[PDB]
Each structure stands twice: as C-alpha cells, then as structure tokens.
Amino acid sequence: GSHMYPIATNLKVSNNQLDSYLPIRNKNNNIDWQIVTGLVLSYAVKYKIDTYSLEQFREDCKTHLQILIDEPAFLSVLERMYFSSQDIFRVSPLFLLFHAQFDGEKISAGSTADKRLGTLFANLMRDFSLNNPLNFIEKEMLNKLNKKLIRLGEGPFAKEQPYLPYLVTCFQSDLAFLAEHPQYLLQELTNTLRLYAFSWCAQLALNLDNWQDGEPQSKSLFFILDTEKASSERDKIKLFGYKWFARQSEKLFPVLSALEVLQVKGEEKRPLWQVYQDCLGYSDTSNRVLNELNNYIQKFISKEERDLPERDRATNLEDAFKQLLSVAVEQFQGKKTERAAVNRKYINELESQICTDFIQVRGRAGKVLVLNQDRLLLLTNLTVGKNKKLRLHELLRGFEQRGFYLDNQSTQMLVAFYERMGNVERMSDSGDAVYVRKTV
Ligand code: NA
C-alpha cells in the first residue's frame with residue numbers, strides 16, 4: 001500500500017508522557033469554560049480579539065455612537081439598552097470572543113488545560129467554518145466590532161488526526177445548529193462543550209482496545225436519567241455503565257502515552273488505529289517495523305528499564321502491538337508502585353474536571369452514570385436539531401451516536417419526562433409513532 005515509514009524513526013524507552021488527545025494531565029486541570037468557549041468560537045469564525053476588554057468595548061461603543069449623533073436623550077437610552085451585558089451578547093455570539101483574549105499569537109489568560117480543550121475542539125472542527133451567526137442599531141455595533149477583530153491565521157492549537165470521526169460529524173452538525181439559533185447558542189454552547197468533552201473522553205476510553213478494527217464507531221455506554229432509583233437489576237447499567245467506563249478509563253494514560261512513543265516527528269498526530277493500519281499497509285520486505293517494535297519492547301521490559309516478565313519476540317505486527325499495549329499497562333500494576341499513583345491522579349482529575357454531574361452515587365450500587373435534566377434537554381434539542389420532529393427511535397440513535405445509550409426502562413422515563421415538558425406526541429392522539437420535538 002504505502003511507502004511512508006509508519007512510526008517514529010527512533011523509539012526511545014523514556015518517561016511516560018502524552019502530548020495529545022486527552023485534554024487532562026495528572027495535575028493543572030483548572031478549566032475556564034468561558035475561555036474555552038471563546039476559543040471555540042474564535043476557531044469557528046477565524047477571528048480573535050487582542051488585549052481589549054468587553055468593558056472597554058462597551059465604553060468605546062457608547063462614545064462611537066455619540067460621535068455619530070450626540071443627542072442627550074439617545075445616549076441615555078443606549079446606556080439603558082445595553083447596561084446589561086447579556087444584551088450585547090444577544091446581538092451576536094461573536095461577543096464571546098472577548099472571553100478568549102489573545103496577546104499576539106498567545107492566549108492571554110488561558111491555563112494550559114484551556115489550551116488542551118481548545119485543541120480537542122479544534123480537531124473536531126477541521127475544514128469547518130461558521131458563517132457569522134439584525135436591526136439597524138445592532139448592525140452599527142457589529143460594524144464597530146469588526147474593526148476590532150483580528151484574523152486568526154492557523155491559530156494556537158496542535159493538529160491531531162481525529163480519534164473518533166463519528167463525534168466530529170455530530171459536533172459539526174450541533175455547532176451548525178446552534179449558530180442558526182444564536183439565543184440558544186448563548187444559553188448552551190458552553191454546556192455543549194462540557195457534554196462533548198466528557199463523551200469524547202468516555203468514547204475514547206471505550207475504543208482504545210479496538211485498534212485492530214480501523215475507524216471506530218460509537219460504543220455502548222449506558223446512562224440512567226438522574227431521576228431514576230436504579231434499584232432493580234438492570235443488566236445494561238451493570239455491564240456497560242459506570243464500571244465499564246471506569247475499567248477502560250484506567251487505560252487512557254497508559255495506552256495514549258505508549259502511542260506517543262510511535263508518533264512521527266514533524267507530522268500531524270494520529271490515533272493508534274490509524275498507526276496500526278499504516279503499519280499493515282507499509283510494504284517492507286525486510287520487516288523493519290516489526291524489528292524496531294520488538295527492540296523497543298525488549299528494552300522496555302528489561303531490568304535496567306521497567307523490569308517486567310520476559311517474553312518471546314513478536315513474530316507478526318498484530319502480536320507486536322498487543323505486546324506493546326500489555327507492557328504499557330503492566331508497568332502500572334501493583335498498587336504500591338509510584339507509577340500507579342500517577343494513573344490514579346489521571347482518573348481523579350478526569351472524574352472531577354470532565355465528568356461533572358455525569359456521575360452519582362446510588363447506595364450499595366456505588367457510582368452510576370447519569371444524564372441530568374439540563375443535558376437531557378440539550379441532547380434532545382441538538383438531536384432533533386434542524387428537524388421539526390423525530391420519531392423516538394430516530395432520537396435515540398442520535399443520542400447513541402453522541403455516546404449516550406438508554407435501556408428500555410430509561411426510555412420510558414424519558415418519554416414521561418417529555419409529557420411534562422410538553423414536547424412529545426404521546427397520549428393526546430393515536431398515531432403511527434411517538435414523536436419528539438424541540439423544547440426550544
Ligand atoms: Na397515543
């Protein structure tokens with residue numbers, strides 16, 4: 001197939017590190033979600049604002065308008081019309097750019113976690129653009145704003161080939177839908193990002209082991225509505241819920257840091273399933289790749305290095321990768337070790353900063369994955385989207401595409417929730433299907 005050598009030309013047995021894909025590290029995960037939101041919009045429209053506050057824009061806008069008019073009554077009214085900043089934001093979500101202040105090419109106030117999340121979403125937005133999301137006063141305000149907007153250029157984020165292409169499609173549809181509804185964009189863009197950040201990390205964890213199968217698809221992760229007791233014995237929740245997520249989450253840092261070893265310098269990063277595929281299609285008569293991996297693995301498990309059980313070299317590429325991923329995990333076994341502590345911090349950070357209110361306690365049943373009512377409404381609106389109406393099964397398939405699965409019982413409770421919310425065709429007529437519409 002190819003003749004591009006598929007992995008790093010020099011494979012160092014080094015300290016575990018990742019520079020890609022996961023948006024959290026073992027510490028320093030203080031996230032400014034409004035900055036992240038500003039960064040996302042900036043990358044969507046290819047503009048930024050440089051060291052210039054919304055406070056100052058507001059003042060400059062008043063001033064700008066009284067240069068054009070200067071009627072004492074008029075000033076007093078615009079003062080009142082735009083005293084509340086929500087009324088500036090409502091004119092255009094371009095105003096969210098003020099949250100992501102740049103200083104030259106640098107993100108002025110972001111933590112490095114903000115930049116990491118910015119990077120996740122920029123790689124869900126490859127080859128994606130928003131057309132800028134109006135009465136006569138508002139148009140003058142956007143005219144003043146356009147004078148402040150600086151072109152983004154390539155921007156500050158790293159390029160990473162999409163690990164989960166199915167979330168890309170969904171994310172881009174959802175951003176496009178929000179852009180058509182600017183008032184709803186303001187209410188929900190940020191929550192949409194928290195939702196995607198979680199689902200992306202969960203779906204990643206659940207697809208790590210599927211590196212043999214090429215391009216991944218949505219994996220069954222089951223959530224209850226936060227309103228449910230979860231007292232009866234539900235198989236899907238037990239087998240494919242929190243405990244499945246938690247088991248697979250334990251491999252994020254191990255597997256992704258190993259993948260980091262293979263990544264070719266001076267090239268866009270790519271996911272493990274792409275790297276494997278590239279290794280299979282590379283025609284090397286001399287088995288260069290297989291030999292390099294075996295050398296690395298054998299050096300990895302050596303006593304001077306990680307000190308792991310001896311094993312015969314891999315005779316093929318499939319078995320070489322499995323070996324790489326075993327040892328990648330094996331080094332974190334034994335609760336006592338220092339590396340097992342690092343992996344634990346990864347889990348706690350993930351659960352604290354990314355999984356907020358996706359997890360709850362349910363008595364003796366321990367932790368449980370939940371969808372709270374806000375997220376449920378957000379999903380409903382995103383999924384119905386540009387449609388007037390979806391059949392219930394159509395809706396659930398949308399939810400599933402985005403990483404959210406529901407058993408039959410949760411689906412009953414969902415429909416009941418929609419009756420109260422008044423966005424379902426259910427008991428009030430006799431129809432061919434259950435139809436769900438947007439609440440917005
Ligand atoms: Na009915």
# chains A, B, ... in the order shown; residues from 1 in each chain; ligands from 1

$ closest_atom_pairs --of "region 133-200 of chain A" --to "region 341-358 of chain A" --cutoff "9 Å" --atoms "only C-alpha atoms" --output "JSON lines"
{"residue": "A:194", "atom": "CA", "partner": "A:354", "partner_atom": "CA", "distance": 7.2}
{"residue": "A:195", "atom": "CA", "partner": "A:354", "partner_atom": "CA", "distance": 8.8}
{"residue": "A:197", "atom": "CA", "partner": "A:354", "partner_atom": "CA", "distance": 6.7}
{"residue": "A:198", "atom": "CA", "partner": "A:354", "partner_atom": "CA", "distance": 5.5}
{"residue": "A:199", "atom": "CA", "partner": "A:355", "partner_atom": "CA", "distance": 8.9}

$ write_last_selection --atoms "N, CA and C atoms" --output "compact mmCIF listing (two decimals), in the first residue's frame"
# COMPACT_ATOMS: atom_id res chain seq x y z
N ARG A 194 -18.99 21.03 27.40
CA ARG A 194 -18.78 20.15 28.54
C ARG A 194 -19.30 18.75 28.24
N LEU A 195 -20.43 18.69 27.54
CA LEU A 195 -21.03 17.44 27.12
C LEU A 195 -20.10 16.67 26.18
N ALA A 197 -16.82 17.20 25.67
CA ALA A 197 -15.56 16.87 26.30
C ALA A 197 -15.68 15.55 27.08
N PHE A 198 -16.77 15.38 27.82
CA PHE A 198 -17.00 14.15 28.56
C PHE A 198 -17.18 12.96 27.63
N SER A 199 -18.09 13.10 26.67
CA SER A 199 -18.41 11.99 25.81
C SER A 199 -17.18 11.55 25.01

$ residues_around --residues "region 153-155 of chain A" --least-positions-apart "3" --cutoff "12 Å" --atoms "only C-alpha atoms" --output "ChimeraX atom specification"
/A:39-40,42-48,102,104-107,115,118-119,122,126-127,150,158-159

$ residues_near_ligand --ligand "ligand 1" --cutoff "10 Å" --atoms "only C-alpha atoms and all ligand atoms" --output "list in words"
residues 425, 426, 427, 428, 429, 430, 431, 432, 433, 434 and 435 of chain A

$ closest_residue --among "A:213, A:114, A:103, A:307" --to "residue 35 (chain A)" --atoms "only C-alpha atoms"
A:114

$ closest_atom_pairs --of "region 168-275 of chain A" --to "region 130-147 of chain A" --cutoff "8 Å" --atoms "only C-alpha atoms" --output "Markdown table"
| residue | atom | partner | partner_atom | distance |
| --- | --- | --- | --- | --- |
| A:176 | CA | A:130 | CA | 7.2 |
| A:179 | CA | A:133 | CA | 5.3 |
| A:180 | CA | A:133 | CA | 6.7 |
| A:182 | CA | A:133 | CA | 6.5 |

$ write_last_selection --atoms "N, CA, C and O atoms" --output "PDB file, in the first residue's frame"
ATOM      1  N   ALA A 176     -23.369  23.852  14.016  1.00  0.00           N
ATOM      2  CA  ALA A 176     -24.074  24.476  12.916  1.00  0.00           C
ATOM      3  C   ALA A 176     -25.497  24.800  13.328  1.00  0.00           C
ATOM      4  O   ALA A 176     -26.006  25.867  13.017  1.00  0.00           O
ATOM      5  N   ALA A 179     -25.504  27.765  15.759  1.00  0.00           N
ATOM      6  CA  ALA A 179     -25.221  29.003  15.036  1.00  0.00           C
ATOM      7  C   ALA A 179     -26.470  29.568  14.348  1.00  0.00           C
ATOM      8  O   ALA A 179     -26.602  30.785  14.194  1.00  0.00           O
ATOM      9  N   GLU A 180     -27.378  28.683  13.946  1.00  0.00           N
ATOM     10  CA  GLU A 180     -28.680  29.083  13.419  1.00  0.00           C
ATOM     11  C   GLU A 180     -29.628  29.584  14.515  1.00  0.00           C
ATOM     12  O   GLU A 180     -30.671  30.148  14.198  1.00  0.00           O
ATOM     13  N   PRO A 182     -28.919  31.785  17.663  1.00  0.00           N
ATOM     14  CA  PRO A 182     -27.916  32.497  18.482  1.00  0.00           C
ATOM     15  C   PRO A 182     -28.289  32.647  19.948  1.00  0.00           C
ATOM     16  O   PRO A 182     -27.427  32.562  20.813  1.00  0.00           O
TER      17      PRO A 182
END

$ residues_around --residues "residue 192 (chain A)" --least-positions-apart "4" --cutoff "9 Å" --atoms "only C-alpha atoms" --output "PyMOL selection string"
chain A and resi 171+174-175+188+196-197+375+378-379+382

$ closest_residue --among "A:101, A:218, A:111, A:10" --to "residue 24 (chain A)" --atoms "only C-alpha atoms"
A:111

$ residues_around --residues "residue 289 (chain A)" --least-positions-apart "4" --cutoff "12 Å" --atoms "only C-alpha atoms" --output "number ranges by chain"
A: 4-11, 262, 275-276, 278-285, 293-296, 314-318, 320-321

$ residues_around --residues "residue 15 (chain A)" --least-positions-apart "6" --cutoff "12 Å" --atoms "only C-alpha atoms" --output "count of residues only"
11

$ closest_residue --among "A:32, A:50, A:215, A:250" --to "residue 270 (chain A)" --atoms "only C-alpha atoms"
A:215

$ closest_residue --among "A:76, A:190, A:169, A:227" --to "residue 36 (chain A)" --atoms "only C-alpha atoms"
A:190

$ residues_around --residues "residue 177 (chain A)" --least-positions-apart "4" --cutoff "10 Å" --atoms "only C-alpha atoms" --output "PDB file with C-alpha atoms, in the first residue's frame"
ATOM      1  CA  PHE A 171     -20.104  18.067  16.775  1.00  0.00           C
ATOM      2  CA  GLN A 172     -20.135  19.934  13.486  1.00  0.00           C
ATOM      3  CA  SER A 173     -23.883  19.406  12.975  1.00  0.00           C
ATOM      4  CA  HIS A 181     -30.143  29.810  16.904  1.00  0.00           C
ATOM      5  CA  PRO A 182     -27.916  32.497  18.482  1.00  0.00           C
ATOM      6  CA  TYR A 184     -29.813  29.222  22.217  1.00  0.00           C
ATOM      7  CA  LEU A 185     -26.105  29.269  21.322  1.00  0.00           C
ATOM      8  CA  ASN A 381     -32.579  19.835  21.108  1.00  0.00           C
ATOM      9  CA  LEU A 382     -29.291  19.089  19.419  1.00  0.00           C
ATOM     10  CA  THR A 383     -30.513  15.702  18.185  1.00  0.00           C
ATOM     11  CA  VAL A 384     -33.841  16.930  16.795  1.00  0.00           C
ATOM     12  CA  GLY A 385     -31.881  19.897  15.507  1.00  0.00           C
ATOM     13  CA  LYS A 386     -32.985  21.166  12.123  1.00  0.00           C
TER      14      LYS A 386
END

$ closest_residue --among "A:124, A:149, A:189, A:88" --to "residue 34 (chain A)" --atoms "only C-alpha atoms"
A:189

$ select_by_dssp --residues "region 169-313 of chain A" --states "alpha helix (DSSP H)" --output "PyMOL selection string"
chain A and resi 169-179+182-207+235-239+242-249+252-261+272-281+288-300

$ residues_around --residues "residue 232 (chain A)" --least-positions-apart "3" --cutoff "12 Å" --atoms "only C-alpha atoms" --output "ChimeraX atom specification"
/A:228-229,235-238,362,365,409

$ atom_distance --atom1 "CA of residue 87 (chain A)" --atom2 "CA of residue 33 (chain A)"
20.5 Å

$ closest_residue --among "A:424, A:206, A:54, A:61" --to "residue 164 (chain A)" --atoms "only C-alpha atoms"
A:206

$ decode --residues "region 376-428 of chain A" --atoms "C-alpha atoms" --output "short mmCIF file (atom, residue, chain, number, x, y, z; two decimals), in the first residue's frame"
data_model
loop_
_atom_site.label_atom_id
_atom_site.label_comp_id
_atom_site.auth_asym_id
_atom_site.auth_seq_id
_atom_site.Cartn_x
_atom_site.Cartn_y
_atom_site.Cartn_z
CA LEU A 376 -31.16 15.69 28.57
CA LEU A 377 -32.86 18.79 27.22
CA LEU A 378 -29.66 19.85 25.46
CA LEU A 379 -29.30 16.42 23.78
CA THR A 380 -32.95 16.46 22.82
CA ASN A 381 -32.58 19.83 21.11
CA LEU A 382 -29.29 19.09 19.42
CA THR A 383 -30.51 15.70 18.19
CA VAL A 384 -33.84 16.93 16.79
CA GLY A 385 -31.88 19.90 15.51
CA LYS A 386 -32.99 21.17 12.12
CA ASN A 387 -35.83 18.64 12.01
CA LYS A 388 -39.28 19.68 13.19
CA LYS A 389 -39.87 16.24 14.67
CA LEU A 390 -38.12 12.91 15.23
CA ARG A 391 -39.61 9.50 15.84
CA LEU A 392 -38.47 8.27 19.22
CA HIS A 393 -36.15 5.61 17.77
CA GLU A 394 -34.61 8.19 15.46
CA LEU A 395 -33.91 10.35 18.55
CA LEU A 396 -32.29 7.52 20.49
CA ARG A 397 -29.98 6.77 17.58
CA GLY A 398 -28.89 10.41 17.66
CA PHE A 399 -28.23 10.16 21.40
CA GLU A 400 -26.26 6.96 20.81
CA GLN A 401 -24.14 8.49 18.03
CA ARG A 402 -23.07 11.11 20.56
CA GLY A 403 -22.20 8.45 23.13
CA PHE A 404 -25.38 8.22 25.22
CA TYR A 405 -27.27 4.93 25.45
CA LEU A 406 -30.51 4.27 27.32
CA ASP A 407 -32.16 0.95 28.23
CA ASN A 408 -35.88 0.35 27.84
CA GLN A 409 -36.69 1.47 31.38
CA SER A 410 -34.80 4.80 30.97
CA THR A 411 -36.57 5.30 27.65
CA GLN A 412 -39.94 5.02 29.44
CA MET A 413 -38.83 7.60 31.98
CA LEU A 414 -37.60 9.82 29.14
CA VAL A 415 -40.96 9.78 27.37
CA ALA A 416 -42.68 10.55 30.70
CA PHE A 417 -40.29 13.49 31.12
CA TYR A 418 -41.26 14.72 27.66
CA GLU A 419 -45.01 14.60 28.54
CA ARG A 420 -44.31 17.03 31.39
CA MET A 421 -42.07 19.11 29.17
CA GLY A 422 -44.84 19.18 26.52
CA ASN A 423 -42.66 18.27 23.53
CA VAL A 424 -43.95 14.78 22.69
CA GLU A 425 -46.86 13.34 20.72
CA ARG A 426 -47.87 10.51 23.02
CA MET A 427 -51.15 10.16 24.92
CA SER A 428 -53.03 13.05 23.30
#
